[PDB]
C-alpha cells in the first residue's frame, strides 16, 4: 500500500510575525526551501469572510479520469466517456458529498485522510477500476470575484472585513510584477472547487515563481512537494518512467498530464514531503519546487504566483 511521505514544515506565526508575508516567508526560507512546500497557520482570530458571489457562481468543471495514463486496443467511442454538466457551488457540493459518501459508505467527514490518500493512488494505477471525478479548476477570480474581500467597488465590505481586504495575506495583495527591462519598455488569483479524488499533477510554476495557496473552506487538500535542489532528479525519474509517448514533449505540455506516485520518486532518491492543508491554512511553494496533490472532499481554494 501507499507509504505516506514525511510531513512538510508547519509554521504558526505570532501576530507580530504575521504582519508581513514576504518578510515571514524570507525568514522561514532556510528550512522551507529544503522541503519545497510548507504550511502556515494564521493566528486563530484571523478569519476572513468568504466574499465570492455565491448566487451567480456557476461553472463547468473538467473531467478527470484517475487512471488515464495507466490505461494507455482503444476503447469504443473514446473521447465521450462522460456527459458534461454545469454546477453551482451548492449543486457541485451536493454531488461531491454524495460521491464520497457513496464511495466509502460512510459520512464524508468520517473518512480518514490516510484512507482517501491510499485509495487515490491505488485508483490512479488501477486498470480494473475506472473512477472518474470532476474538478472546478483554474476558475479566474475575475469571473465571480475572489474568495477574499477586495476594495474594488463591486461588492459590499463590512467594517470588520476591511482588515482582510487590506491584509498582506489577502492573495489579491501579493506582489506579482517581475522586474525586467521589458517591464520598462512595455495576474489575478485562480480558484479551485474540489471534490474527493480531484487532483493536480506534478508541476512547477512559470518563471520558477513562488506560489501561495489558501483553502477558504471545506475538507482538506493533500499536498506533495519536492525541494528545488532535487528538481533535476525528479525530471530524470520522469524521463525514465513516464509514458514514452509523451517523453519528447515540452515541460509546459508534459506538466499537464504528469501524474506519478510519490513512492516511485522516493524509491528513486527524490525527497518528497506531504501535508494536509485544512480550511483557513496557507501553503507556500518555493521557486522550482515541484508539487502535486488531491482533494479530500468538497472544498474551495485560491492560489496565485508572487514575486519577491
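Positions refer to the first chain, counted from 1.
- Compared with the other entries of this protein, residue 184 is frequently left unbuilt, missing from a third or more of those that build its neighbours.
- According to the entry, the deposited sequence places 1 to 3 unmodelled residues between residue 72 and residue 73.
- According to the PDB entry, the deposited sequence runs on from residue 105 to residue 106 with no residue lacking coordinates between them.
- Stretches 142-150 and 82-90 differ in mean CA B factor, with 82-90 having the higher one.
- The PDB entry reports B-factors from which the mean C-alpha value can be compared for 169-177 and 195-203; the larger average falls on 169-177.
- Note on the listed residues 130, 97, 119, 219: the highest Cα temperature factor in the record is that of 130.
- Per the deposited record, 185 carries the highest C-alpha B-factor of all listed residues (212, 231, 115, 185).
- Remark: residue 57 belongs to the highest third of its chain, ranked by C-alpha B-factor as recorded.
- For residue 263, the recorded CA temperature factor ranks within the middle third of the chain's modelled residues.
- Per the PDB record, residue ranking by Cα B-factor puts residue 269 in the highest third of the chain.
- Compared with the other modelled residues of the chain, the Cα B-factor recorded for residue 243 ranks in the highest third.
- Among all modelled residues in this chain, the alpha-carbon of residue 3 has a temperature factor (C-alpha) in the middle third.
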